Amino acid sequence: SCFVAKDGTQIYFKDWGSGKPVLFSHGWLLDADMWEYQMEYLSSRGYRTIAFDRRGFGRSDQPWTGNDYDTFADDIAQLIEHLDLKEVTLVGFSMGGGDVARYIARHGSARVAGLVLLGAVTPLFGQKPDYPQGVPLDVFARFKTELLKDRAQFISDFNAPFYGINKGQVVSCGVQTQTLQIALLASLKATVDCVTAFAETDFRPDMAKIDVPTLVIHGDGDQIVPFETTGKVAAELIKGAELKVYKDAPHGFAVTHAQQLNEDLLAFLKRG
């Protein structure tokens, strides 16, 4: 399936099953395929599951412009409009946690039932004047330098810290191959611009505007997006939010802790 964004960008999405809708937002470098196990899980258990490829990623068009959170949220808004979804549970991984939040911030929660933030960059990732505990900006500057040199090798190297393979997590050669294959479909321009986006976007104002049930899951061994200054604070700022911390879990915990995540997601959807 696809739909056309306002600026003319074609976005690829999957729409599986029937019942209450659940809309997934993927992380940096990936596409909708990072959700396949979670989507299959819930759709054969009576839910409708929807995942899209962010502009510049996967099977979607690769525009030069609009590689910003504001546009990402608006893309999501249009997907929901195109499908006429109601009572939507928004699920965001990594940087994809930003755009599900930014959606609610910009469009309200009229159509939203709940929110799930998986190892998300909310509320801030990068360091600010009034947020020194964040990740220094020279880290992300070093990313862009290597991306603009050899992004193929960078993605390949990203696998080890991402999955926590350098810390005794066992991930198959297949998953490593699949991760790199998907990553290479993406736009070099979108890859680099996203760094800027997720590094410097402040979602603290968004945190105040979330007025739906919220589940925050984060690994305490996450080497990419540090729990202490992201997930932990997100659960504090969002009213009535629940937190679950997976012990020793890495960034890419949708792979390593797949069964745990599937059950937590289902439990959340069945609340009260």
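Just count from 1 along the sequence shown to find any residue number.
Colleague: Quick one: higher average CA temperature factor, 110-118 or 179-187?
Modeller: Taking the mean C-alpha B-factor of 179-187 and of 110-118, the larger value falls to 110-118.
Colleague: For the higher mean C-alpha B factor in the entry, choose 235-243 or 55-63.
Modeller: Looking at the recorded C-alpha B-factors, 235-243 comes out higher on average.
Colleague: Could you check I76, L137, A197, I155 and tell me which one carries the biggest Cα B-factor in the deposited entry?
Modeller: That would be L137, according to the entry.
Colleague: Sorting the chain's CA B-factors, does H82 end up in the lowest, middle or highest third?
Modeller: Within its chain, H82 is a middle-third residue by C-alpha B-factor, going by the deposited values.
Colleague: So where's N159 on the chain's Cα temperature factor ranking, which third?
Modeller: Middle third by C-alpha B-factor.
Colleague: Going by the CA temperature factor in the PDB record, which third of the chain does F72 belong to: lowest, middle or highest?
Modeller: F72: CA B-factor falls in the lowest third of its chain.
Colleague: Using the B-factor values recorded in the entry, state whether the Cα atom of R151 falls in the lowest, middle or highest third among the modelled residues of its chain.
Modeller: Lowest third of the chain for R151's C-alpha B-factor.
Colleague: Using the temperature factors of the C-alpha atoms in this entry, rank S18 within its chain: lowest, middle or highest third.
Modeller: Ranked within chain, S18 CA B lands in the middle tercile.
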